């Protein structure tokens, strides 16, 4: 029941962000929420080409690092690669089919496009610091500890996509599919979308920032400067991506968009809280693998754990959630040099 060009002349300023009539005409002369048009303009103003970045000195620097530091650096980089591989396709496959205002539709496509640039930047780094990129990329798929840390991201998206297909194909109601009773509830699908957004918020707001701190620890040592320039550019894009999901979520919570979404945000509040607590614990658990062969001055499991707590509280407060962790000052204030 999805269509690539809905034939009803509708007032796009009055549709909800999600689940209304699919967008027909892509126009940018007006917006229900100008924040998405501002985000598109800012992301386009940030356009960068990874291949232009000089990473010729990173190979010298990398091969010079002691073995445990190569492990820390590459294990981090493989996780960034996994996340952006998922973020390049998922907003388009999972969110695009449910969007009903043009400014949010184009924002999601722009945001997903910018993630493919990040992926292309990891290939640029990887091909220039190791002799066989294939060993690095293949490990991303099979590495148990990497998958463990990301557990639940692809699951969430996949479940939303499957429920969306049932909805678009069958409509609301209880159906009989190959003899099994299948319930399609729009309210349940709105909850699934809503929690998928909260999960994406945690992914960009927390998981990527923990990874940035690990990358910048090398830059503070005056090493892997090509990587650092790229991570700085990637972080600048991620700041916009998380601004986008924070606004989607806070707008839904306000009751100014779909009223049912404001009810759902309030009703599913413990689940929001729980998914942030679980993601933080996963980022902490990654330290055992990250520092398996030794830690570095200023970067070890304890510092990583303190920073996870610090940044999780900040991101949760930004979308209205209670704080799970003891408050603390930033354990790694040197990161502010790199996050500009």
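Numbering follows the first chain given and starts at 1. For the two forms, the rigid core is made up of the largest set of C-alpha atoms that agree within 1.5 Å on superposition.
| field | Greater Cα displacement in 4 other deposited structures of this protein once the core is superposed, comparing 193-201 with 263-271 | value | So, of the two stretches, the farther one in 4 other deposited structures of this protein is 263-271.
| With the rigid core as the fit anchor, does 292-300 or 25-33 show bigger C-alpha shifts in 4 other deposited structures of this protein? | Between 292-300 and 25-33, greater C-alpha deviation in 4 other deposited structures of this protein belongs to 292-300.
| task | Mind pulling up the entry and telling me whether 243-251 or 218-226 has the higher mean Cα temperature factor? | result | It is 218-226.
| query | For the C-alpha atoms alone, is the average B factor greater in 35-43 or in 273-281, going by the entry? | reply | Higher mean C-alpha B-factor in the PDB entry: 273-281.
| task | Could you tell me which one of 213, 135, 264, 153 shows the highest CA temperature factor in the PDB record? | result | Comparing C-alpha B-factors across 213, 135, 264, 153, the maximum falls on 135.
| request: Tell me, lowest, middle or highest third: where does the Cα B factor of residue 3 rank within its chain? | output: It falls in the bottom third of the chain.
| task | Divide the modelled residues of the chain into thirds by Cα B-factor and specify which third, lowest, middle or highest, holds residue 128. | result | CA B-factor rank for residue 128: highest third.
| query | So where's residue 23 on the chain's Cα temperature factor ranking, which third? | reply | Lowest third.
| Third of the chain, ranked by Cα B-factor, where residue 144 sits | Within its chain, residue 144 is a highest-third residue by C-alpha B-factor, going by the deposited values.
| task | Name the third of the chain's ranked CA B-factors that contains residue 316, choosing lowest, middle or highest. | result | CA B-factor rank for residue 316: lowest third.
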